[PDB]
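Inspection log for the structure reproduced underneath, given as structure tokens.
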Amino acid sequence: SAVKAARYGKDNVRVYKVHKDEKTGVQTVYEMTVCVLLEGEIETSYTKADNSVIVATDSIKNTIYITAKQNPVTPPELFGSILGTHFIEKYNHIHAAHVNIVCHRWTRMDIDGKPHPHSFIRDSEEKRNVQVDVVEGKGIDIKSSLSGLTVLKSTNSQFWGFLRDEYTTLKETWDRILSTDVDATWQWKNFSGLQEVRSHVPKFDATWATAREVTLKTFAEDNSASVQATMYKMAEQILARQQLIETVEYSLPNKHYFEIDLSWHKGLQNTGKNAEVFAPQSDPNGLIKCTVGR
Amino acid sequence: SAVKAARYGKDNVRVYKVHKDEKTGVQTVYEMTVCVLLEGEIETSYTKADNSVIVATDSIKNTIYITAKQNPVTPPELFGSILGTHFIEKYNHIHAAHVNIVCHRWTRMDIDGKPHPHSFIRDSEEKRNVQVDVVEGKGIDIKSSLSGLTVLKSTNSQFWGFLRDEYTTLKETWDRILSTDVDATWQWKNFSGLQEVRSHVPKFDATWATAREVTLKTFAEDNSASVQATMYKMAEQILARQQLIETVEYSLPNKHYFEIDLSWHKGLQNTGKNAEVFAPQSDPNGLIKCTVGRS
Amino acid sequence: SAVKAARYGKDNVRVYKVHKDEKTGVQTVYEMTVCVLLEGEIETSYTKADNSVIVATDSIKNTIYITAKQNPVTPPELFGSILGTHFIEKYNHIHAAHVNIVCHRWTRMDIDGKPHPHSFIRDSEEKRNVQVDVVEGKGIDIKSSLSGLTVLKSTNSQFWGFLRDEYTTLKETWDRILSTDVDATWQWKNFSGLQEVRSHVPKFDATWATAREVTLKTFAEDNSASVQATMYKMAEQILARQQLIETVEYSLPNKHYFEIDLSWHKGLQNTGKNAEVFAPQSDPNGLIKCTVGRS
Amino acid sequence: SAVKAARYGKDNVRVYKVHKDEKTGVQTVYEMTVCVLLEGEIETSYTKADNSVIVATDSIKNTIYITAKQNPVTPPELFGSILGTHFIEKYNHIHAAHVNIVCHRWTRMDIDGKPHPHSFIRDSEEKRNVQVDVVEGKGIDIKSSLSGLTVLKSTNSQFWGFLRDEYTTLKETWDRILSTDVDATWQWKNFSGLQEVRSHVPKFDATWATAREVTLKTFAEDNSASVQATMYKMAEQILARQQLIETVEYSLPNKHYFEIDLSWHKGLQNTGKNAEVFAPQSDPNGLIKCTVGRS
Ligand SMILES: Nc1c([N+](=O)[O-])[nH]c(=O)[nH]c1=O
Ligand SMILES: Nc1c([N+](=O)[O-])[nH]c(=O)[nH]c1=O
Ligand SMILES: Nc1c([N+](=O)[O-])[nH]c(=O)[nH]c1=O
Ligand SMILES: Nc1c([N+](=O)[O-])[nH]c(=O)[nH]c1=O
């Protein structure tokens, strides 16, 4: 037997950084959860119990705080690159650093129509994330994403014309409720190293803010033929909106709302065009993914 | 041995209701989870295994669906009152109905700067809840609440002057991060029945909006001397603002962010005035609560 | 406006304690999550913002560890009493102490049929808990419980004879799956103080073992007319076996498993007597509660 | 732009199957959660909004139910094999079926030491799972696994000899607590089809039992030099006991238990050799993985 692959690191490293402005005095908060996983010539730590090759996971935790203190934590794509670069460079047996970051929302409150200097709110469980893979002599592979963005449309969604057979009981429909938790991932074209990345910094927040706007918009305006049809259109606009991005991935759970036939009760009309009260279903759920390249 | 207390019903009934405007075409969604426990002359289903006094939890479910269909579902205070009342009246062996509604946010999307007709977003895990207790001959007791409201302030919070002894190790501070999850409940004056409740409908949505606002506002403005202090303030304004509330209750789990001393690394300064990077703590957590009533 | 009530303390305090036997060499681990909520003359911390009367929540955290260090942490009923007692005795303005304890399972592994000396496994998400209320001159109130004990029986459960009306669609059944999460609580007779508690220490683990025992058996053996009937039975046995317990509370979720009519597909028989494959429902769920006391 | 990848299906499909033995009487439950994503000539549904290619996820759900009702459901590798197969065959345009199955523990209850015929307990949150990719013309690929296995050992674990530098502050140790959640996956060599799988059936349940046993025992015995070192040993014995296993993957979150210095209080000694009370840490946590194939 033999170590085909190995990675080890620290997970769930929760970090919080505050930016205090002098003139304005206005503070900015950033909170994230980090996980670094290392790779390289370390087999011996598994095979023969050699801890000499092991950089302690506590050390990595130490490193993460240290870095966040010396560098800017935003945007996640940068910070994750600065982070993952360090590891491969400060150590010789360390060839690949895998950085996952999850940004949490700390929106600035508006008290009395005016933005507040130092009071924030978790205005959603939606996260902004980066998977940054830093390889020695292969540059930095970034994958940005947005997740947990939960949406719902009360109509203007349809589902018919699907294959029918001896396992089909679903009835075609022209007016259904459409709900999902959006998971969108846009991969960036390989970066030489940190230098290329810093050069594109502004492109990151803009591409995330774009992907978000497209998703929302396209969700709401598309007279959905299917979830499939709606993702591709979503993808499309993103690609077309950014040359750097190489691909776009969407994984969407089709969260079902079922009509309730109340007709057994005083001939109550609650189906079809009379549908008012539905039963959201926790499960099962539809899952539909798809990667969109050029 | 004897049945000292009993209640049964149905929990986690997910309900979704759509309202369509024929004119504008603007649809409006509502989603809640409902729990109805019923109390009554039911000892016999426990002691003699007598199911004839039982109204199947299934039927309670159906009832919830029908009631949502034939009635307005907002404000939750109203719906809950209609729903609980039905059971005490429909059934003679049932004398109390306990109703719990958790309202889920489905805020309308803002596409291109314009409120979309039929598109919403879950803009927060925050919830609006109501606990309606309906007792035959004792009116309707309503507690209204907001929960899941997570806040954080990077400064303007202190904690010094607390009792020190041989169990203390907590260094006083004049500046600290203050984050918490807000659980605030306001309890309305007992209501005689559905009628008096309908009489005050507009008040509910308003009082809730007030309570929220009063909570963010105070939290953000107050130069906190202690979570206990900031809290009381919030309660105060709430009572002063609504005559109908008999009591306000706040439950605050203060979530700690610890500074990380990095002096051991190239003398890096990261505490006190030079504190930038902190480490949020999942546990433990302080837990402060209090009930403010009227004089 | 006035502070009708206030409590505060520390929540979610994880504690782990090991017991190393010199002779045997065998080790015994204990893990739990603790919460202490304090009460007393502490309004001025809310009203006048006076941190003088505030024992810092952090100091409560310290106190927990310290206490856990000088005393045994098992049984929880005792540990909780010692800890609650301390606070009321150590502080004059502190009159009531509320202590909650959730004990996690770390069951000793059996390797090769023998009980390993220092290797444990979490063999259930089942908890054993205690809510101990220590009040100045009112004694110690102890509520012992188990929770998160998930069970199922594929037959020997029925539900029929229930009330049927225009809201009823549930078909009577003489055979169904029954699955619930057991939440069971037994309230001990009040205790003067720490001494009386220490005197009954052997009764605790005993009574919890019994409660667990009686719950499992009765759930397995009973041909269930209703979940209510079965739960009342199980409370009875518990009150009989232990005189110190004044009341027993059960709260059970009736997790439904639905039949799947597959007839529409090649006349496949899956319902009634032919039922093999079912659809466990995440929700909603029946919720049946009941507190059984002494006649 | 174009469609580089696309999969679609049904997720979280709860299934429960009962087996009734007419002779003995002994009933036997199985409960699982299936997810089935399909791949094939379906690009059009995304680009040309043509649902003619789409086999409604609902039908997948129905398919799953029927399938479970017409076949045996254990061992998961068989069922998921039958199930993924069915979709490639029945549908020309579908050329890959990815089937996930999570098996839920329903362990037979022991009432008065005698195994009950129809009663069960979720004796753990441990899960047996299988991932079964079935590609048309590339046999059946089957990764087996066990997850949610939570263990802890009070001693016989050390960690010293690691690299130290200006980032290090971790003290070496010759005795520490080791606790993790074991995630162990063992891949099977590619199988030609449903007939080869069916062939080996008996291997499945047995390998799984071995993987647990190897895991359990090794963890409990190995005087651990590093998590890394103890894992590798496990992988070894697994690959050894089964020539059908192409690789073994272990994912182990190292859950930390910190010492609590209490010297500040009456010089209480709670560190090193006198460490009794510890603070379990929810986060962060070391995460150690590694795949072990053959030479
Ligand atoms: N960093 C590591 C630790 N550690 O505690 O940091 N323990 C291990 O078994 N392995 C590691 O790599
Ligand atoms: N509603 C009830 C049901 N039921 O299924 O609706 N089953 C019981 O055992 N008890 C109930 O009260
Ligand atoms: N212990 C307390 C803290 N604290 O941080 O320990 N903060 C508060 O606002 N109040 C307390 O009582
Ligand atoms: N099965 C599908 C459904 N459906 O509801 O079953 N809806 C979609 O948009 N897409 C599907 O593939």
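Residue numbering in chain C adheres to Swiss-Prot, whereby the residues present occupy positions 2-296 in order.
So this one's X-ray crystallography, 2.8 Å, going by the header.
Cβ from N, Cα, C; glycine included.
From the candidate list C:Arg177, C:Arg213, C:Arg242, the residue Swiss-Prot records in the urate site shared with C:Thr58, C:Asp59, C:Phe160, C:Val228, C:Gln229, C:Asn255 is C:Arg177. Of the listed recorded positions C:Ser2, C:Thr58, C:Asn255, the Cβ environment within 10 Å is emptiest of other Cβ atoms at C:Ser2. Filtering the recorded positions C:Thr58, C:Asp59, C:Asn255, C:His257 for a Cβ under 8 angstroms from any Cβ of chain B leaves C:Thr58, C:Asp59, C:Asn255, in order along the sequence. The candidate set comprises the recorded positions C:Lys11, C:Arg177, C:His257. Of these, C:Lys11 has the most other Cβ atoms within 10 Å. For ligand 3, no neighbouring recorded positions occur among C:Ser2, C:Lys11, C:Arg177, C:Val228, C:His257, by Cβ distance under 6 Å. Between the CA atoms of C:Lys11 (active site, charge relay system) and C:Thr58 (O2 binding site) there is a gap of 5 Å, rounded to the nearest whole number. If you draw a 10 Å sphere around the CB of C:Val228 (urate binding site), it holds 25 other CB atoms from the protein chains shown.
In this structure, none of the recorded positions C:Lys11, C:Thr58, C:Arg177, C:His257 sits close to ligand 2 with a C-beta under 6 angstroms from any of its atoms. C:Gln229 (urate binding site) and C:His257 (active site, charge relay system) have their C-alpha atoms 15 Å apart, to the nearest angstrom. Here the C-alpha separation of C:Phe160 (urate binding site) and C:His257 (active site, charge relay system) works out to 12 Å. Spatially close to C:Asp59 (urate binding site) yet at least six residues away along the chain are C:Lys11, judged by Cβ distances under 8 angstroms.
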